[PDB]
């Protein structure tokens, strides 16, 4: 039901492409696992974030400081996850094709 939204689609596709790319690369096994897991974690974390966003919104439209805060914190996690993935790919591919 949730898959049919422009934000999740654009997100799922990026990750999915990375997994596909990671499956084609001529890298050793552990590197391949690290390339795939890192981007999948992005998707996992984004899903939990959106889940939290849903709960907040479920409570209602009336703004509360802690409502904004839960979403910010959620967003921050997605950001750290993405940075983790960027760092992971950078280090492992530089090592490999550099």
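Residue numbers count along the first chain shown, from 1.
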| property | result |
| --- | --- |
| 84-92 set against 8-16, stretch whose average Cα temperature factor tops the other in the entry | 8-16 |
| Chain thirds of CA B-factor: placement of residue 33 | middle |
| Among modelled residues of the same chain, the CA temperature factor third for residue 42 | highest |
| Assigned third (lowest, middle, highest) for the C-alpha B factor of residue 70 | lowest |
| Within-chain third of residue 27 by Cα B-factor, per the entry | lowest |
